[PDB]
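In the block that follows, a single chain appears as structure tokens, in the form deposited in one PDB entry.
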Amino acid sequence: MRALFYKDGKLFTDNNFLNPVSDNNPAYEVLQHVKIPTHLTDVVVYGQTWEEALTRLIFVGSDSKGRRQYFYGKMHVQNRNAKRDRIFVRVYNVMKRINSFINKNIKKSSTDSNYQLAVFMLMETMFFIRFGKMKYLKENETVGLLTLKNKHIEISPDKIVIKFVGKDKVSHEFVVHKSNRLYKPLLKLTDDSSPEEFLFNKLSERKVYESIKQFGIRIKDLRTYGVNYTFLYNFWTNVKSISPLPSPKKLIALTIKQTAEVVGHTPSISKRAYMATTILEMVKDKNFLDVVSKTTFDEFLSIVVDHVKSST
């Protein structure tokens, strides 16, 4: 995996194009099978065979903003999507321990780090909001969980409304009702007199990473879980409640659309955003939809989890 430098269809070992490689260089095979997008500059192409490229990083270049954009082989992408299903199972398996950490800690002092960590995790289990790196608030004015400010939180008699503009300039709005364990903690954490101050003012990227580590997962894995949970809950609702049960793919398309609408994915991106490939393997036998119709969601969830575990 040496990075070779690309200029008009030709490869060089150096960024100034003084050292051309042999026309027989294995990397020319890669160029037979990929198209380099023409908006990229300063392109590098890794020196490897096509069979190797298929499984990992293929080429990289700069977009108009100067960001290095990284392009992977289809087997890498396939693998990545498999890992997502496994991550679903991993989070599923650790949620009890997370809720134990949350439920213990939300009884604590408002300016305690572990209290803020408990509220952070609890917001994640509820709304699946992205991590919220500082970088993107600075760069793009993007807000996520870590970058929430008191201005984003509105308290009213029996509810709390969280409103912000997250990735891709999509507005999000979440509601916490009085009966919910999150209500009182959030009520006490938010500081209405400091609207420009961060809500998690005792947190830091370092603190969040060190805390999530105890559960053997990343914060983004919580989102993966919540989004696919919502997916599966929609699929289950649909099989249970739709009057004339729709065709297999009309059913999935409908379920992708309902999820996309609430998560805030575009109708294009939503297509492949969730665990629709899993539902595809499962509908492959005739009994499935019958079984699902006769399940509680918890037992449906366990059937789906069991499928993923035993898939590979």
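Residues carry their position along the shown sequence, with the first being 1. What we label the rigid core is the largest C-alpha set whose atoms superpose within 1.5 Å from one form to the other.
Missing here is the form deposited in another entry; even so, the following discussion is about that form.
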Once the rigid core is lined up, just say which one of 240, 218, 130, 172 has a C-alpha that travels 2 Å or more between the shown form and the other one.
240
Residue 34: Cα shift of 2 Å or greater between the shown form and the other one (core-aligned)
no
Tell me, please, whether between the shown form and the other one the C-alpha of residue 289 is shifted by 2 Å or more, with the rigid core used for superposition.
yes
State yes or no: after fitting on the rigid core, is the Cα displacement of residue 68 between the shown form and the other one at least 2 Å?
no
